[PDB]
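Next up: a single chain in structure tokens, the form deposited in one PDB entry.
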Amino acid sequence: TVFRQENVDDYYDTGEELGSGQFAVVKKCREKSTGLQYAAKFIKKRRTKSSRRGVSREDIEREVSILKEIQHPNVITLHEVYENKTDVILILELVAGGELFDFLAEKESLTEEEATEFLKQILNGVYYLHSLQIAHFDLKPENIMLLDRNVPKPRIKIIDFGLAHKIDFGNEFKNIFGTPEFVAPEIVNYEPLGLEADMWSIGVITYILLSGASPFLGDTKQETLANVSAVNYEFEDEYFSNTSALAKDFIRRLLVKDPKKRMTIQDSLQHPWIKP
């Protein structure tokens, strides 16, 4: 409730499509008053409760409510919100550098030290979010973007807060959602969820970052899920032959089934691999 009612086209020029999901499309746009470039996320409203072809207003308002709070170098910022008959339109800080892993895939090689420089930025972003009791709940390589890929030290921005939740002290939250490869066993098993689920996903991201292989990815969705639940993974010599003992220890402390024994974001930043 209380989103801008004006025609967004009266205030922005729209450009190329940047990405699209089942119920959303992101496009480049330019604010007319300033000439500054932004991103516009057009979210389809479901409009009727029985419809499966759009997003519930509860979900839309939850994402907007969280984005409104956020101001940090490694997380996307919200500029404006518009609404018309069919869509809610989020005007967001533009991140034009593409996915982190596409950038890395074009490099000649990448040392562990160099890898940890990008990972530290992700850690810094999540540290901010967890400090505000916000769980992202959809951390995966495609939601790790670069602001500008054409600078000496490219900056990471975490995007897509469609699944994000404020962790409420008084009531457990359970749900099954997210991408099988990257979700924690508590999500798979419909158990109580919290900030800890993000740290598991960071462990998966770190594993792929160093090896280019995915730790739990099986030959069917159900097999992937079973791998996750049983924490069935290996540092395959083919992929991890040049990886340090400390890097493996970092990952092992994150890919822990019991959320209460999993390394926290605060502790991950003090781990000797990250803070020598």
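The numbering used is simple: start at 1 and walk along the sequence shown. Whichever C-alpha set is largest while still superposing within 1.5 Å between the two forms counts as the rigid core.
The form deposited in another entry exists for this protein as well; it is not shown, and the discussion that follows is about that form.
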Task: Comparing forms between this form and the one not shown after core superposition, the one residue of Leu104, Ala164, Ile89, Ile122 displaced by 2 Å or more at CA - done: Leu104
Open item on the list: Given a core-based superposition, decide whether the C-alpha of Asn150 shifts by 2 Å or more between this form and the one not shown.
Closed with: yes
Open item on the list: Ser33 and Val151: their C-alpha distance differs by 3 angstroms or more in the other entry. Do they come closer or move farther apart compared with the shown form?
Closed with: farther
Open item on the list: Quick one: with a 3 Å or larger change, is the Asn242 to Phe101 CA distance smaller or larger in the other entry? Answer closer or farther.
Closed with: farther
